[PDB]
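Peer 1: Contents of protein-v6.cif (mmCIF, C-alpha atoms) are below:
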data_final
loop_
_atom_site.label_atom_id
_atom_site.label_comp_id
_atom_site.auth_asym_id
_atom_site.auth_seq_id
_atom_site.Cartn_x
_atom_site.Cartn_y
_atom_site.Cartn_z
CA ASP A 1 155.20 124.35 89.27
CA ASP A 2 153.19 127.08 91.01
CA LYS A 3 152.57 125.12 94.22
CA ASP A 4 154.17 126.01 97.53
CA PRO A 5 156.61 123.07 97.94
CA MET A 6 156.15 123.37 101.72
CA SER A 7 152.36 123.74 101.73
CA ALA A 8 152.19 120.76 104.11
CA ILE A 9 155.72 119.95 105.32
CA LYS A 10 157.15 123.08 106.96
CA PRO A 11 160.92 123.40 107.55
CA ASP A 12 160.34 123.33 111.33
CA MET A 13 157.79 120.83 112.61
CA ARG A 14 156.64 119.55 115.98
CA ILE A 15 156.13 115.91 116.91
CA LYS A 16 153.69 114.34 119.37
CA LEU A 17 153.68 110.63 120.08
CA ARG A 18 152.19 107.93 122.28
CA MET A 19 153.47 104.36 122.27
CA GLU A 20 151.70 101.46 123.93
CA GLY A 21 152.94 97.92 124.04
CA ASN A 22 154.57 95.13 125.92
CA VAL A 23 157.84 93.23 125.74
CA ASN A 24 157.99 89.71 127.22
CA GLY A 25 154.79 90.46 129.13
CA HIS A 26 155.95 93.81 130.56
CA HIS A 27 153.46 96.52 129.61
CA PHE A 28 154.21 100.21 129.15
CA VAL A 29 152.94 103.54 127.86
CA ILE A 30 155.48 106.10 126.62
CA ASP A 31 154.88 109.69 125.50
CA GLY A 32 157.04 111.69 123.13
CA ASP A 33 157.33 115.43 122.52
CA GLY A 34 159.74 116.54 119.84
CA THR A 35 160.75 118.82 117.01
CA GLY A 36 162.43 118.28 113.68
CA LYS A 37 163.65 119.71 110.39
CA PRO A 38 162.20 117.47 107.66
CA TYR A 39 164.34 118.83 104.82
CA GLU A 40 167.53 118.39 106.88
CA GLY A 41 166.60 114.88 108.04
CA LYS A 42 167.03 115.78 111.71
CA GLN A 43 164.68 115.30 114.65
CA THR A 44 164.88 115.32 118.44
CA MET A 45 162.33 113.92 120.87
CA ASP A 46 161.90 113.95 124.63
CA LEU A 47 160.41 110.64 125.77
CA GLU A 48 158.79 109.91 129.12
CA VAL A 49 157.64 106.51 130.36
CA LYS A 50 154.13 107.04 131.72
CA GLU A 51 153.19 103.48 132.79
CA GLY A 52 155.26 100.39 133.52
CA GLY A 53 158.56 102.00 134.54
CA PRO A 54 161.26 101.31 135.28
CA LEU A 55 161.32 99.30 132.06
CA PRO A 56 162.85 95.85 132.73
CA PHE A 57 164.43 95.69 129.27
CA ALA A 58 166.79 97.67 127.06
CA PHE A 59 165.22 100.97 126.04
CA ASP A 60 167.26 100.83 122.81
CA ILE A 61 164.99 98.22 121.23
CA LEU A 62 162.18 100.79 121.23
CA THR A 63 163.94 103.79 119.77
CA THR A 64 163.47 103.27 116.04
CA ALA A 65 159.73 103.11 116.71
CA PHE A 66 159.97 106.68 118.05
CA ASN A 67 159.00 108.75 110.72
CA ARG A 68 160.78 108.72 107.37
CA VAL A 69 159.52 112.25 106.70
CA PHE A 70 162.70 113.21 108.59
CA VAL A 71 165.13 112.33 105.81
CA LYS A 72 167.16 114.70 103.64
CA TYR A 73 166.03 113.65 100.14
CA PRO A 74 167.95 114.94 97.11
CA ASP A 75 165.96 116.43 94.25
CA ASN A 76 166.69 113.38 92.06
CA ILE A 77 164.92 110.86 94.34
CA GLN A 78 161.15 110.70 94.80
CA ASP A 79 160.23 111.54 98.41
CA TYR A 80 157.31 109.19 99.08
CA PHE A 81 157.00 110.33 102.69
CA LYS A 82 156.79 114.09 102.23
CA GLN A 83 154.45 113.36 99.29
CA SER A 84 152.15 111.45 101.69
CA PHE A 85 151.09 114.63 103.49
CA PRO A 86 148.91 116.39 104.61
CA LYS A 87 146.95 113.10 104.86
CA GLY A 88 149.75 110.93 106.26
CA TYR A 89 150.91 107.33 106.11
CA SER A 90 151.53 104.28 108.28
CA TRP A 91 154.26 101.70 108.61
CA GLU A 92 154.55 98.14 109.89
CA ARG A 93 157.89 96.73 111.04
CA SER A 94 159.28 93.33 111.94
CA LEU A 95 162.36 93.23 114.18
CA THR A 96 164.00 89.79 114.09
CA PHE A 97 166.89 89.46 116.54
CA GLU A 98 169.69 86.93 116.28
CA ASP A 99 168.72 85.04 119.46
CA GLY A 100 165.04 84.53 118.67
CA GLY A 101 163.69 87.75 120.12
CA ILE A 102 161.01 89.09 117.80
CA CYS A 103 159.23 92.44 117.76
CA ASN A 104 156.42 93.89 115.70
CA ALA A 105 155.95 97.65 115.66
CA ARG A 106 153.61 99.98 113.82
CA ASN A 107 153.04 103.71 113.58
CA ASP A 108 150.08 105.62 112.21
CA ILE A 109 151.30 109.10 111.28
CA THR A 110 148.93 112.02 110.81
CA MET A 111 149.57 115.75 110.56
CA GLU A 112 147.53 118.53 112.15
CA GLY A 113 148.93 121.97 111.42
CA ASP A 114 152.62 122.05 112.26
CA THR A 115 152.56 118.79 114.24
CA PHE A 116 153.03 115.15 113.27
CA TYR A 117 150.98 112.85 115.49
CA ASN A 118 152.19 109.29 115.99
CA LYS A 119 150.07 106.36 117.20
CA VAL A 120 152.70 103.72 117.96
CA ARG A 121 152.36 100.09 119.04
CA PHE A 122 155.29 97.85 120.00
CA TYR A 123 155.09 94.15 120.88
CA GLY A 124 158.13 92.02 121.65
CA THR A 125 158.40 88.41 122.73
CA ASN A 126 160.75 85.40 122.90
CA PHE A 127 163.62 87.44 124.33
CA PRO A 128 165.81 85.09 126.41
CA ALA A 129 165.76 86.05 130.07
CA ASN A 130 169.58 85.94 130.11
CA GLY A 131 169.97 87.87 126.84
CA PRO A 132 171.20 91.43 126.40
CA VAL A 133 167.72 92.91 125.92
CA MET A 134 166.20 91.72 129.21
CA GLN A 135 169.53 92.21 131.02
CA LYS A 136 169.91 95.81 129.72
CA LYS A 137 173.38 95.30 128.25
CA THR A 138 172.89 97.42 125.10
CA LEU A 139 174.82 100.62 124.39
CA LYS A 140 173.51 101.97 121.05
CA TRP A 141 172.31 101.11 117.58
CA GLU A 142 175.08 101.34 115.03
CA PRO A 143 174.54 103.76 112.13
CA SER A 144 172.75 101.88 109.38
CA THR A 145 171.70 101.88 105.74
CA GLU A 146 168.09 101.09 104.85
CA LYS A 147 167.42 99.65 101.39
CA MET A 148 164.25 101.26 100.01
CA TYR A 149 162.54 99.37 97.19
CA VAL A 150 159.11 98.32 95.95
CA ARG A 151 158.32 94.77 97.08
CA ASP A 152 155.12 93.23 95.68
CA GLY A 153 153.79 96.73 95.02
CA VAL A 154 154.51 98.13 98.51
CA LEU A 155 157.36 100.45 99.48
CA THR A 156 159.65 98.37 101.68
CA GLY A 157 162.75 99.13 103.71
CA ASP A 158 165.20 96.37 104.69
CA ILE A 159 167.98 96.94 107.23
CA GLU A 160 170.64 94.75 108.79
CA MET A 161 170.84 96.45 112.19
CA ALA A 162 173.16 95.87 115.13
CA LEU A 163 173.10 96.88 118.77
CA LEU A 164 176.50 97.48 120.32
CA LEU A 165 176.67 95.69 123.68
CA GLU A 166 178.82 95.90 126.74
CA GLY A 167 181.98 93.86 126.32
CA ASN A 168 182.96 94.55 122.68
CA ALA A 169 180.07 92.55 121.21
CA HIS A 170 177.22 93.23 118.81
CA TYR A 171 173.67 91.90 118.77
CA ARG A 172 172.17 91.72 115.29
CA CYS A 173 168.62 92.49 114.17
CA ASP A 174 166.94 92.36 110.76
CA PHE A 175 164.38 95.10 110.02
CA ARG A 176 161.69 94.90 107.39
CA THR A 177 159.34 97.88 107.22
CA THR A 178 156.43 98.43 104.84
CA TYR A 179 155.31 102.01 104.23
CA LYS A 180 151.81 102.88 103.00
CA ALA A 181 150.57 106.36 102.10
CA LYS A 182 146.99 107.02 103.19
CA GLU A 183 146.24 108.53 99.80
CA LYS A 184 146.28 105.47 97.61
CA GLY A 185 147.55 107.34 94.53
CA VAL A 186 150.99 108.42 95.81
CA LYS A 187 153.72 107.60 93.32
CA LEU A 188 156.17 104.93 94.45
CA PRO A 189 159.86 105.87 94.43
CA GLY A 190 162.66 104.17 92.60
CA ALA A 191 164.99 101.99 94.61
CA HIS A 192 167.34 103.95 96.86
CA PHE A 193 169.00 103.97 100.27
CA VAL A 194 168.52 105.91 103.50
CA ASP A 195 171.48 106.26 105.85
CA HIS A 196 170.37 106.46 109.51
CA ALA A 197 172.10 107.40 112.74
CA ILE A 198 169.92 107.24 115.87
CA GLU A 199 171.28 108.01 119.32
CA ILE A 200 170.18 108.66 122.88
CA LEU A 201 171.57 112.09 123.77
CA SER A 202 170.70 111.81 127.48
CA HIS A 203 168.59 109.76 129.85
CA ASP A 204 167.66 109.30 133.49
CA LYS A 205 169.33 106.40 135.27
CA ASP A 206 166.24 104.20 134.83
CA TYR A 207 165.38 105.57 131.34
CA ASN A 208 162.10 107.06 132.60
CA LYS A 209 163.16 110.13 130.59
CA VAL A 210 165.11 109.89 127.33
CA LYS A 211 166.21 112.50 124.80
CA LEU A 212 166.48 110.90 121.36
CA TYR A 213 168.07 112.15 118.12
CA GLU A 214 168.11 110.88 114.55
CA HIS A 215 169.86 112.08 111.39
CA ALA A 216 168.91 110.49 108.06
CA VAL A 217 169.90 111.12 104.43
CA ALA A 218 168.68 109.45 101.23
CA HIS A 219 171.04 108.61 98.37
CA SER A 220 171.49 106.23 95.44
#
Just dump the structure as structure tokens.
Peer 2:
Amino acid sequence: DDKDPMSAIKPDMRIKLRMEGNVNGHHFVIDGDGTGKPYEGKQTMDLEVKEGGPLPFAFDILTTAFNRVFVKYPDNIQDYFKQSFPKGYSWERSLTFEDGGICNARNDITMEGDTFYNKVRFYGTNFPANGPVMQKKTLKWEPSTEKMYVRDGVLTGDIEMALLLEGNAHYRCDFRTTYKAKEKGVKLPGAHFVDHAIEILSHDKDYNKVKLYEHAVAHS
């Protein structure tokens, strides 16, 4: 009642990130520098491939691994992610594509001052050589709705995602993400939804440099 509601999560935050991983044996390191408005559910990040470029696969498969703090939560829904700070939280994600491609991603999110730090790992395998990921035929992720609910005691988000491809086709992917506050006493939320829209605003021809944007809103 007397607490500063923004004692940890300021209205304007900075974001620092390093992702390591490999997809179908192709290794990479990617750095991110960004800003966001946690209470508006908006964030922008400048990404730069530091090792392994030019990436021989669709950059789009990586972009949701580049923080559910950046969601506009109404007052009537418990905000597990803003409640996880200053200490932070982590998530683990499975990406199961319709052609057998499979990715596992994880992010450890800490906060130092005004900056979220992200330790990201991304591993993908079993992508067909002739498929749209290795051939770089993707255009964007479609806007999505994540179902947030408690599954066996752990906050879980399920999404039916789709990449738009060249040639009026889509390429489907199932997401399951588990979210774990570092403080083990954070209160779990009731079931709800988060609408997402992620997009690449600009990029170099070989995607060595990418500007990424996401807008997210929670609702019932």
Peer 1: I'd like to know which of A:204, A:75, A:214, A:174 is closest to residue 54 in chain A, using only C-alpha atoms.
Peer 2: A:204
Peer 1: Tell me which protein, DNA and RNA residues are within 6 Å of range 20-31 of chain A, counting all atoms listed in the file, leaving out same-chain ones fewer than 3 positions away, and put them as a PyMOL selection string.
Peer 2: chain A and resi 17+47-52+121-125
Peer 1: Find the residues around residue 32 in chain A up to 12 Å (only C-alpha atoms counted), leave out those fewer than 4 positions away in its own chain, and share them as a PyMOL selection string.
Peer 2: chain A and resi 14-20+43-50+63+65-66+116-120+208-212
Peer 1: Which is closer to residue 12 in chain A than all the others in A:145, A:35, A:126, A:202, using all atoms listed in the file?
Peer 2: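 Of A:145, A:35, A:126, A:202, the one nearest residue 12 in chain A, counting all atoms listed in the file, is A:35.
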Peer 1: Can you tell me how far CA of residue 55 in chain A sits from CA of residue 178 in chain A, in Å to one decimal?
Peer 2: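 For CA of residue 55 in chain A relative to CA of residue 178 in chain A, the distance reads 27.7 Å.
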Peer 1: What is the distance, in Å and to one decimal place, between CA of residue 102 in chain A and CA of residue 158 in chain A?
Peer 2: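 Between these atoms lies a distance of 15.6 Å.
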